[PDB]
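I have placed the structure first, in the form of C-alpha cells, so that the comments after it can refer back to it.
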Amino acid sequence: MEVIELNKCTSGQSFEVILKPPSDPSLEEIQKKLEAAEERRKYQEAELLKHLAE
Amino acid sequence: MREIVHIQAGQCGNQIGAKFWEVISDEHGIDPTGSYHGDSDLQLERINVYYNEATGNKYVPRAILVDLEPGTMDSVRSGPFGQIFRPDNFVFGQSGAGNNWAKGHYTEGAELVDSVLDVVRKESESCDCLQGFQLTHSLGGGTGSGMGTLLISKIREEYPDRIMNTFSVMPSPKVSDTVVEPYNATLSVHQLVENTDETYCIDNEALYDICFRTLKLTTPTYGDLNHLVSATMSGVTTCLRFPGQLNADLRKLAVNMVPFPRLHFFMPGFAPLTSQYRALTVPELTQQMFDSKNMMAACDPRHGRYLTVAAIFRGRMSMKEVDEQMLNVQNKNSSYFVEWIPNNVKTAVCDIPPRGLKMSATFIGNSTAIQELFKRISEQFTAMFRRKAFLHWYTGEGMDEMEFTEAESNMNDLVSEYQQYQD
Amino acid sequence: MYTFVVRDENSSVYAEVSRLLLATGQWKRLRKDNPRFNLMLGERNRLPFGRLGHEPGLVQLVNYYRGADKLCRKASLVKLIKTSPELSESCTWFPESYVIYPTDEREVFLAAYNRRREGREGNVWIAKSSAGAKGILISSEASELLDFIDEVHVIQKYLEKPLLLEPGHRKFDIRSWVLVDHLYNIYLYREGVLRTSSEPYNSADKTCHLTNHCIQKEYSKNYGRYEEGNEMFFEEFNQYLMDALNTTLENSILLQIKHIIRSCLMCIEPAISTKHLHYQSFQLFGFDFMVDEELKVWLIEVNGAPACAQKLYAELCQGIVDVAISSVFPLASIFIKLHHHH
Amino acid sequence: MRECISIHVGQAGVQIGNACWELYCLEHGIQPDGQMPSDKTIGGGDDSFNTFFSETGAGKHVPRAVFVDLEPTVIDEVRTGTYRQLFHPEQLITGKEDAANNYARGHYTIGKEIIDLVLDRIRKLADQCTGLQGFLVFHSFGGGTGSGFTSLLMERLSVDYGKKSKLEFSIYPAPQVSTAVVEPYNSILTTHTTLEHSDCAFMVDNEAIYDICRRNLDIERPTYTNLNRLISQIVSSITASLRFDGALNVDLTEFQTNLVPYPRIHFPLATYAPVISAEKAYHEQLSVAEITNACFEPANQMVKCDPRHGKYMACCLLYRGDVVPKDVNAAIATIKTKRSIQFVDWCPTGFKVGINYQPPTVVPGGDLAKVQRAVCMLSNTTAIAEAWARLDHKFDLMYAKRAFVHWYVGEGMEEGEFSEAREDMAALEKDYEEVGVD
Ligand SMILES: Nc1nc2c(ncn2[C@@H]2O[C@H](COP(=O)(O)OP(=O)(O)OP(=O)(O)O)[C@@H](O)[C@H]2O)c(=O)[nH]1
Ligand SMILES: Nc1ncnc2c1ncn2[C@@H]1O[C@H](COP(=O)(O)OP(=O)(O)CP(=O)(O)O)[C@@H](O)[C@H]1O
Ligand SMILES: Nc1nc2c(ncn2[C@@H]2O[C@H](COP(=O)(O)OP(=O)(O)O)[C@@H](O)[C@H]2O)c(=O)[nH]1
Ligand SMILES: [Ca+2]
Ligand SMILES: [Ca+2]
Ligand SMILES: [Ca+2]
Ligand SMILES: [Mg+2]
Ligand SMILES: [Mg+2]
Ligand SMILES: [Mg+2]
C-alpha cells in the first residue's frame, strides 16, 4: 500500500491509499416543450367541449 | 383544503346519501345541529373535505339534494340529521320521473337541471381548491339514473378538469320496482363510461344476498340494504376524510385504480358483516375482506383478475400484522392479480374505527369480473328490446329506438374490453 | 403453501425436482414470469439475479450460485487455479493447462512443449473449449494444436498413463455430483458413475480416448458390452479395486476427490456465498475426474448444469428437496458432508 | 468559502430536508431560533459552516435552502415546526393542488405555472452568495412533484446557472412504503430528463432503509420519521466535508472528480455503519476494522445489490469520530485479502479517506444510539445497475399494455416520451455492463 496526500487539521485529516496501479437545451427550447404540451391539453379540452356540445 | 361537492339525486340517491351523512357526521363528531362534540383532533383535521364551516363554528355538509318529486326529500328534511343540510341546497320539482330515464334525462329533468347547477356553482365558488364531485344515485329509476347522468354531463362541461366519482346502485330483478330497470341502467352505464373517473358498483342483488344469507334477515328491506351501503361508503371515503398517505384525494385514487380510462368500475367490499361482540383478528378481517360473500357487486372475483386493489383497515391494530396478512393473500392467490401491473395492491390504515366496531376493513377492487354485472344487465335489456317491449314509455318522451341500439352496443363493447385484459 | 417457478424446461434434474415438489401437496407452481415465488429453478443463461430478494414477505431461493461460472468454464477454471493462492500454479491435482486465444499463454505453452520434446518425455496435449458439444484435438505436435484453435480454447496435458479397467484395457472418467446449500455446506452424493470407454486404449481414434456417453453411443461398436450404457457404479468399481488392486474406492480415490471438491468450492466461497444476502442460492455441480495408473486423481471438468444417471435420478433429486429446499421451506442421509471452516 | 444552496422538492424532499437541517443545527451548535453562540463573528463570516448557513445582523443563522411542494400540508409542518424560526416565508413555496403521482402533471401542467416563482426565490438566495458553487436537490423518484417538477427545475438550473454543479439525493421507490402503482414510470421519466443535468446523484432505496430500520433498530413497522432520521445521517456524513474544515470533497466539483469518471455513470453507492439501536442500554463499540468491513456488506448499503459481481471505478471512505489513519490502512489491508474488490483496469485500486474527529450527532430521543466512530463509504460500482434493471423491468410490464399511460397523455405529454426515456435507460444499463462485466 501507498499513502499519499496526507493533510491534517484540528478537526480531522484526509489521505489517499493506493493498493495497485491501474492496468443542454436553451431557455427557448424548454419553453417550446412546455407550450407544446399546453397546446395539446387545450386541443383535448376543445374536442371534449365539442363532443359535449353535440 | 381539497373540497368535495356531494350530490344525491332521486329516491335511492337521497336515501343512501342521507344515511352516508348520518354515518360520517357521527364519525367526525358532528351532531344533527352542526355542532362538533368530539374528543379527537383527527376528526377535524380534514373536516373541510365534506363540510363547510358556518357562523358559530357550525359545520354544514357540502351536499346538494336533487329530486323530481318532493316526497323522499321531505322525509330527509324530517330525518335524524335533516336539519344539518343547507336549506337552499334542496332542489326539487313536482312532476316526478316515473322510473323513466327519458323523463329524467330529456324532458322533466332538463327543466330542473339549471337550478341544480346554480347551487353547484355556489358551492364550488366557495371552495379553496375544489377537487371534484361525488354523486349518489340508482341506475334503475328515472331521476337518479336519467337526471343524474344529465347532471354529470353538464358538470363535466363546466368543470372539465375536476374528478367525477359516483356511487351507482345497480338494479336486480331480486329487488326490483319496475320491469324497465334494465333499460334505465343500460342507458346510464354508457353515460358513466364516458363521464366518470371512478364509479363504485353497488349491486342490489349482492346487498339482498348479504342481508339474507349472511346477516340472516329473511325479509330484507331497503333500510337493511342501505345499512350495508352506508358502512361501505364510509369505508371507501376514509382515505379522503382522515390524514393518510395513500389515495388521500380523488385524483390520486384514480391514478392508482384506473389503468385504462373506461375501466373505472369498482367492486366494493366490507368486513366484518355480523348478524356481534366477538373480537375480529387481522387474519379474519383480511380473509373476509377478499371473500366474494363480502363483495357488493354480485360478481365472483375468481371468474376474473384484479387490475388494481385498494384496502383500508380501520381501528387500533398491528400494522406489521396487516402488512403480513395483505402480503399473504397476494402471495397465496397471485394468479388472480394481473402480472403486468406490479404491486397493484395498496393498503391504508386509519386508527379511528367506524361506530360499533373495534376493527373493520374495506375493499375496493378493479376486477375484470365486473363484466358479469354488465353482462347480466345486457341480457335483461336484450330480452325486452328484441321485442321492443315497454319502449313506448321512452319514445313518448322523444327518444328513438336507435339510441337504445347504441346503448346496447356500447355496453357490449365495455364487456369485451374487460374480457380483453382478463386473457 | 410454498410457490415456485420453472425457467429451464430442458433440465432433467429439476423437472424431477419440480415433479417431487408438486407431489408433496405443499408446493404450487406459478407462471414462469410471476415474481411472487419462493423458489426459482432458473435458466442457464443470464439468470436475473438482480431481481431476486426484492419481494416483501417472501424468502426467495434460487438453484444457481451467481459467479459459479468461474469454476464451470474451461478457460475460467484454468485462470482461477493459476491465479488463486489457495490453489496456486503448484497445484498437484490439476493437469498443466494454458489459455490460448484464437491473458494469452501461447508462448508459455510452447516453452513447456519445447522443454518436453527436448527432454524426450511424453509431450501429448489435448485442446478443448466450452463450445465443444459432442471440437477436441489430441496431438503430440504443438503446431497442429495451435493451428486448430485459430480455425477461446485451452490446451492441457493429456494424461498418457490412465488407469485401465480389465477386462477391456479401457479408459474411464468419474462423475461426482455435489450439492452446495444456502449455508455453503458441501454435500457429496454417495453415488457416482464411471463413464467407461468400451474400446481398448490405444496410445498410437477418439472413441477409445474420449469417455463421453454420446461418443461411445455413436462411434463405439462395443457400447454396452461390459456394463449397461458404458456406466459402472461405485459398488462394482469398488469390488474391482479390491479384487484387482487390493484396495478400496474410499482409500485409493475418494479421499482425493473429496479434497479437490472442498478446495475448489472453498476457494470461491467469498465470491459467491449468499450468507448475508437478500436472496439465497444453492447449486448442484458435476465434477469430472481422471485416475492415472498410480491411483492419482486429476480434476478435469466442473459442470454447472449437470444431468444425472438414469438409475440415480430419483434418489438424488429427492435429496435435493431434502437438504436444499426443505431446509429453507420445511414441509409438514444419501450425502457425505464435506466439513470445512467457513 | 463557496456557498451551497439546498433545494427540497415534493413531500419526500421536504421531510428529508427538515430532518437534515435539524441535524445540521445539532452538529454546528445552532439553536432552533437561529442563534449560534460559538460563532464569534456576528452578522457575517466565511467559515466552513457558512457554505450552508447565512447570517443576519441579529445573529440568526439561516439555512441556504428552498422548499417547494405543490401541496401546502407538508411545508406547513416546516412553518410551524421546531425549527420554524430558521426559515423566513420566502424560502417556503407551496401550491394549491399536487401532481397526483403523475410525472406529466408535475413537469408540464403544474410545473409551467410555478417554475418562474421557484427560480425567483432561488435567485434571491444566489444573490446573497459571493461565490455560489451549486445546488443539492432532494426529491423522490416516485412522486409527481419529486419526479416531474424536479426534472424541469434541473433543466432550468442548467440554463440559469450553467457553470454550477448540481448534486442529487434521490429516493428510489419501494412498494413496502410506496403510494402509487405508476412510480416506475415516474422514476424512469425523471431519470431520463435529469441525466444530462446532474453531476452526481446519491440514490437511496426505501427498501434498504426500511430493512435496516427493522433489522438494526428493531422497529417493527418503520415510518417516514424513522427512515428520514437515518437518511439524514447518511446525507450529513456525505455533506460534512462541505461544512467542516478538511481537504477531501471540499467543493461540489470534487465530488465528480473523485467519484464520477464517466459522466453518465454518476450514481455512487452509499454504505453506512454502524446502525445501533438506542434501546440497547450497553452496546460493544465497533472498531475501525469492524465498521470498515461492514461497508462491504450488502445489508448496510443504501441500495441492495452485490458489488462482488461488478467493478469499482472509485471509492471514498468518510469517517466520523475516533479514527486515525493507521487503523484505516490496517483495516483496508485485511479487507482486501478477504473481499472481492475488483476495480476497472483504467482506474487505480485505492481509497480516498476522510476523517472528521467529531463523532456522529444523534437526534435526542431518536432511534440511533451514539457511537464512538462511524463511516460512510461512497463507491461508484457497476452493481448499482441492478436497481435500474429492477425498475426498467417493472416499466416494461406496464408499458407493454399501455397501463395508466392515458393519465400522462391527458396532461399534454406525448406517448413517445415513454419509449424515448426507456431507450435512454436501456443505453444506461448497457453502459454499466460494458464497464463492469468481462
Ligand atoms: N424516505 C422517504 N420517502 C418518502 C417520504 N415521503 C414520500 N416518500 C416516498 O416518495 C414516493 C412518493 O413521492 P412523494 O414525495 O410523496 O410525492 P410528491 O413529490 O409530493 O409528488 P405529488 O404528491 O404526486 O405531487 C414514494 O415512493 C414514497 O415512499 C419520506 O418522508 N421519506
Ligand atoms: N487432460 C486430459 N487427459 C486425459 N484425458 C482427458 C483430458 N481431458 C479430457 N479427457 C477426456 O476427454 C473427455 C472430454 O473432456 P471434456 O472435459 O471436454 O468433456 P465435455 O466438457 O465435452 C462433457 P462434460 O461436461 O460431461 O465433461 C473426458 O471425458 C476425458 O475422458
Ligand atoms: N339500495 C337501495 N336501492 C334502492 C332504494 N330505493 C330505490 N332503490 C333501487 O333504485 C331503483 C329505483 O330507482 P329510484 O331511485 O327509486 O328512482 P328515482 O327516484 O327516479 O331515481 C330500483 O332498482 C330500486 O331497487 C334504496 O333505498 N336503497
Ligand atoms: Ca314543465
Ligand atoms: Ca459568523
Ligand atoms: Ca450542466
Ligand atoms: Mg322509487
Ligand atoms: Mg462440459
Ligand atoms: Mg405530494
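In the C-alpha cells, chains take the letters A, B, ... in the order shown, each chain's residues start at 1, and ligands count up from 1 in the order shown.
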
### Message
As a quick test: using only C-alpha atoms and all ligand atoms, which residues lie no more than 10 Å away from ligand 6? Give them as an MDAnalysis selection string.
### Response
(chainID A and resid 24) or (chainID D and resid 154:155 157:159 161:166 196:199)

Restrict the selected residues to N, CA and C atoms and save them as an mmCIF file, in the first residue's frame.
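What landed in again16.cif:
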data_model
loop_
_atom_site.group_PDB
_atom_site.id
_atom_site.type_symbol
_atom_site.label_atom_id
_atom_site.label_comp_id
_atom_site.auth_asym_id
_atom_site.auth_seq_id
_atom_site.Cartn_x
_atom_site.Cartn_y
_atom_site.Cartn_z
ATOM 1 N N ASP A 24 -27.000 21.059 -23.727
ATOM 2 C CA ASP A 24 -28.177 21.355 -22.918
ATOM 3 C C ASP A 24 -29.162 22.227 -23.687
ATOM 4 N N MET D 154 -34.297 21.141 -12.803
ATOM 5 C CA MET D 154 -32.905 20.844 -13.133
ATOM 6 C C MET D 154 -32.543 21.350 -14.526
ATOM 7 N N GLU D 155 -33.473 21.251 -15.477
ATOM 8 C CA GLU D 155 -33.235 21.802 -16.809
ATOM 9 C C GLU D 155 -33.026 23.310 -16.749
ATOM 10 N N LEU D 157 -32.141 25.097 -14.175
ATOM 11 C CA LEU D 157 -30.944 25.443 -13.414
ATOM 12 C C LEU D 157 -29.696 25.383 -14.287
ATOM 13 N N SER D 158 -29.635 24.417 -15.208
ATOM 14 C CA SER D 158 -28.511 24.359 -16.137
ATOM 15 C C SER D 158 -28.481 25.574 -17.053
ATOM 16 N N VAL D 159 -29.644 26.168 -17.329
ATOM 17 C CA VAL D 159 -29.703 27.356 -18.176
ATOM 18 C C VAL D 159 -29.283 28.592 -17.396
ATOM 19 N N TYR D 161 -27.754 28.742 -14.380
ATOM 20 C CA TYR D 161 -26.518 28.570 -13.622
ATOM 21 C C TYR D 161 -25.623 27.559 -14.347
ATOM 22 N N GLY D 162 -25.175 27.934 -15.546
ATOM 23 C CA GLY D 162 -24.527 26.977 -16.426
ATOM 24 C C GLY D 162 -23.243 26.386 -15.873
ATOM 25 N N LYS D 163 -22.484 27.168 -15.109
ATOM 26 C CA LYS D 163 -21.204 26.707 -14.591
ATOM 27 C C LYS D 163 -21.322 26.003 -13.246
ATOM 28 N N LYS D 164 -22.504 25.990 -12.638
ATOM 29 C CA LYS D 164 -22.667 25.473 -11.287
ATOM 30 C C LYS D 164 -22.898 23.967 -11.300
ATOM 31 N N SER D 165 -22.347 23.291 -10.298
ATOM 32 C CA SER D 165 -22.559 21.862 -10.143
ATOM 33 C C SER D 165 -23.915 21.601 -9.502
ATOM 34 N N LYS D 166 -24.477 20.432 -9.797
ATOM 35 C CA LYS D 166 -25.752 20.030 -9.216
ATOM 36 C C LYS D 166 -25.649 18.585 -8.758
ATOM 37 N N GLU D 196 -28.644 14.343 -18.034
ATOM 38 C CA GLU D 196 -27.646 15.271 -18.551
ATOM 39 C C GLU D 196 -27.469 16.510 -17.683
ATOM 40 N N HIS D 197 -28.295 16.697 -16.655
ATOM 41 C CA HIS D 197 -28.237 17.900 -15.840
ATOM 42 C C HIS D 197 -27.699 17.665 -14.437
ATOM 43 N N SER D 198 -27.435 16.421 -14.058
ATOM 44 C CA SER D 198 -26.956 16.089 -12.725
ATOM 45 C C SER D 198 -25.517 15.604 -12.816
ATOM 46 N N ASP D 199 -24.645 16.182 -11.996
ATOM 47 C CA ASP D 199 -23.240 15.794 -11.999
ATOM 48 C C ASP D 199 -22.962 14.593 -11.107
#

### Message
Using only C-alpha atoms and all ligand atoms, which residues of the polymer chains come no farther than 7 Å from ligand 8? I'd like the answer as a ChimeraX atom specification.
### Response
/C:130,301,303

Would you mind listing, for every residue of chain C within 7 Å of chain D, the two atoms forming the shortest contact and the distance between them in Å to one decimal, using only C-alpha atoms, sorted by chain and ascending residue number, as a tab-separated table?
residue	atom	partner	partner_atom	distance
C:50	CA	D:386	CA	5.0
C:51	CA	D:390	CA	5.7
C:56	CA	D:176	CA	6.9
C:270	CA	D:339	CA	6.7
C:271	CA	D:340	CA	5.9
C:276	CA	D:299	CA	6.9
C:277	CA	D:298	CA	6.5

Residues from last step as file, N, CA, C and O atoms, as a PDB file, in the first residue's frame:
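What ended up in again_21.pdb:
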ATOM      1  N   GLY C  50     -30.281  -9.988 -10.208  1.00  0.00           N
ATOM      2  CA  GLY C  50     -30.542  -8.658  -9.684  1.00  0.00           C
ATOM      3  C   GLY C  50     -31.994  -8.379  -9.348  1.00  0.00           C
ATOM      4  O   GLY C  50     -32.273  -7.375  -8.683  1.00  0.00           O
ATOM      5  N   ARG C  51     -32.919  -9.231  -9.785  1.00  0.00           N
ATOM      6  CA  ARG C  51     -34.331  -9.063  -9.469  1.00  0.00           C
ATOM      7  C   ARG C  51     -34.793  -9.974  -8.340  1.00  0.00           C
ATOM      8  O   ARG C  51     -35.985  -9.985  -8.018  1.00  0.00           O
ATOM      9  N   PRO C  56     -41.328  -8.148  -0.746  1.00  0.00           N
ATOM     10  CA  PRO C  56     -41.632  -8.118   0.691  1.00  0.00           C
ATOM     11  C   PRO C  56     -42.455  -9.326   1.115  1.00  0.00           C
ATOM     12  O   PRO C  56     -43.455  -9.674   0.480  1.00  0.00           O
ATOM     13  N   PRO C 270     -15.921 -16.890  -0.769  1.00  0.00           N
ATOM     14  CA  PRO C 270     -16.136 -15.456  -0.506  1.00  0.00           C
ATOM     15  C   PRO C 270     -16.764 -14.723  -1.676  1.00  0.00           C
ATOM     16  O   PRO C 270     -17.438 -13.704  -1.474  1.00  0.00           O
ATOM     17  N   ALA C 271     -16.580 -15.223  -2.898  1.00  0.00           N
ATOM     18  CA  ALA C 271     -17.084 -14.525  -4.072  1.00  0.00           C
ATOM     19  C   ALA C 271     -18.551 -14.829  -4.355  1.00  0.00           C
ATOM     20  O   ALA C 271     -19.243 -13.987  -4.937  1.00  0.00           O
ATOM     21  N   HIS C 276     -25.095 -13.349   3.888  1.00  0.00           N
ATOM     22  CA  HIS C 276     -25.761 -12.134   4.341  1.00  0.00           C
ATOM     23  C   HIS C 276     -26.455 -11.401   3.195  1.00  0.00           C
ATOM     24  O   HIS C 276     -26.554 -10.171   3.205  1.00  0.00           O
ATOM     25  N   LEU C 277     -26.948 -12.145   2.212  1.00  0.00           N
ATOM     26  CA  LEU C 277     -27.549 -11.583   1.013  1.00  0.00           C
ATOM     27  C   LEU C 277     -29.072 -11.624   1.103  1.00  0.00           C
ATOM     28  O   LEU C 277     -29.655 -12.450   1.809  1.00  0.00           O
TER      29      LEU C 277
END

Go through chain C and flag each residue having an atom no more than 6 Å from ligand 2; for those, report the closest pair of atoms plus their distance in Å to one decimal, using only C-alpha atoms and all ligand atoms, ordered by chain and rising number, as a Markdown table.
| residue | atom | partner | partner_atom_place_in_ligand_line | distance |
| --- | --- | --- | --- | --- |
| C:128 | CA | ligand 2 | 18 (O) | 5.7 |
| C:132 | CA | ligand 2 | 22 (O) | 5.6 |
| C:133 | CA | ligand 2 | 22 (O) | 5.9 |
| C:156 | CA | ligand 2 | 1 (N) | 5.4 |
| C:157 | CA | ligand 2 | 1 (N) | 5.1 |
| C:158 | CA | ligand 2 | 3 (N) | 3.6 |
| C:159 | CA | ligand 2 | 3 (N) | 3.9 |
| C:173 | CA | ligand 2 | 31 (O) | 5.5 |
| C:210 | CA | ligand 2 | 12 (O) | 4.2 |
| C:211 | CA | ligand 2 | 31 (O) | 4.2 |
| C:212 | CA | ligand 2 | 29 (O) | 5.1 |
| C:300 | CA | ligand 2 | 17 (O) | 5.6 |
| C:301 | CA | ligand 2 | 17 (O) | 4.9 |
| C:303 | CA | ligand 2 | 25 (O) | 5.3 |

#### Entry: Surroundings of ligand 5 up to 8 Å, based on only C-alpha atoms and all ligand atoms, as a VMD selection string
chain D and resid 39 to 47 50 55 59

### Task
Pull out every residue of chain B sitting within 12 Å of chain C, counting only C-alpha atoms, and send them as an MDAnalysis selection string.
chainID B and resid 320:343
